[PDB]
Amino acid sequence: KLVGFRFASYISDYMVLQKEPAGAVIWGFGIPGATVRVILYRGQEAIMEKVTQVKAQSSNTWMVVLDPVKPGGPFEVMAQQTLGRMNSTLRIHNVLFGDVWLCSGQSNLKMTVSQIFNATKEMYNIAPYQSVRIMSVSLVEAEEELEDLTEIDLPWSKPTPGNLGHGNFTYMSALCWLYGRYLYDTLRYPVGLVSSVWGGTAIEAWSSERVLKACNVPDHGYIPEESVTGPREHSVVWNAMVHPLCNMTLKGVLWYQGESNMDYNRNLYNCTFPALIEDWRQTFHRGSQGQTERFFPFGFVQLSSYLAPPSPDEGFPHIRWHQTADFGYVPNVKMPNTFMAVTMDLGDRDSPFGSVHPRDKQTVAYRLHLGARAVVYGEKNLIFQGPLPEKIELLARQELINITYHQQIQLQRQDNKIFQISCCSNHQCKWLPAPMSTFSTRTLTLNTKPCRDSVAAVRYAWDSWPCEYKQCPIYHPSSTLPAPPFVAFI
């Protein structure tokens, strides 16, 4: 109905488009049946040209896929609209080509540069990162999937101190920006960061109907008040803030979510999250006409610490577990081409926003940058996963449990209460603290004395607030990566 020739909403000046091998997609609206010519200029020279015609059927859209472009810039992109004796031209300037990353999640990734530690110096450190272009999607929800973005908080723009730290939970994600900054330090070519994030949302709002069907999520349509403070309805956030973007070619996705699922559909998270990334991969693949990799990188953050009221069953450790598909590490078979950052040891007790919103986002960006370099940018043989036990065995006569880790381990502190084992007597189990007894470069021996001989399972770091800041027991000496939490059965 709106027949005004225009680019898509997220196509503006200063943007970053996807680089070779993938081809950037340029689409917009116009008059049905009119002809559209999209020309890419390097300076004043027209490097390339594609031709298409605006759909005469329902969509009312015109779309071209450019040829692979080499990272760099600046470029210009022009679209010309012609029909009969009617002529129109659109031009966007200072376009760059490089790796585009989509950041989404809830309030912890909404947190801005102005809100984190060392805020001012990070805010004003942009001089070497002017080719790290940024955009923040405004909060909109919709009952049905949308073809275009309704509302944009921060259009494509070069980073400045003001737009980096532009308020409380507003413009630029500290995590997204810092991660893109590490990425630019490494890659040294243009990076684009599009952040569409809504605080206090459950993963159901971010998933389409397909994931809900695949995981048999209860079709309440609504979600317990306190658990989630944002849009309850299913898939609305996805419909209005992520679906329109799936026609943009992007390098990868950064994801920080799970806090709102601690007490809502907890036990289905190990289904929904892998299903979510898979559905996003497929939908972006078809939306960009195959330009986005069908298995594009999906880097995510494991939930951080949280000072929580005492509870018999805490959701946070369960969600930390389910975020790995109950496997303890990524990438794994259920999540190929994915990297993770463990953040439970980066707890902030005195944060003004809450224990759940720690201000140390630089360390998170560093660990995510390790994961990305290893999994995505061919920096193999770089330690990006924390020490995880390859072998667990039980010595019933010695009343011990011998655990051996794949990587060498280094002891930062002993915690009698961090290791817990389950005591199933009369076939009724009970979780009890198991103190560490012996330690070695690659193995440690736990003690069973409090549980007699009915041992069934062990678990490590299964508390919402497991340790104090950067003070967890087990660490890698070289990589400064913490031993991730886990549960194992005997």
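Note that residue numbering begins at 1 and tracks the sequence as displayed.
- The stretch with the higher mean CA B factor, choosing between 219-227 and 243-251, is 219-227.
- The mean Cα B-factor in the deposited entry runs higher for 327-335 than for the other of 327-335 and 95-103.
- The residue among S131, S311, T272, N108 whose C-alpha atom has the highest B-factor in the PDB entry is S311.
- Comparing C-alpha B-factors across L382, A341, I126, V191 in the deposited entry, the largest value falls on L382.
- Remark: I26 belongs to the lowest third of its chain, ranked by C-alpha B-factor as recorded.
- The PDB entry assigns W462 a C-alpha temperature factor belonging to the middle third of its chain's modelled residues.
- When the modelled residues of the chain are ordered by their C-alpha B factor, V16 lands in the lowest third.
- Compared with the other modelled residues of the chain, the Cα B-factor recorded for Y41 ranks in the middle third.
- Ranked by Cα temperature factor within the chain, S351 sits in the middle third according to the deposited record.
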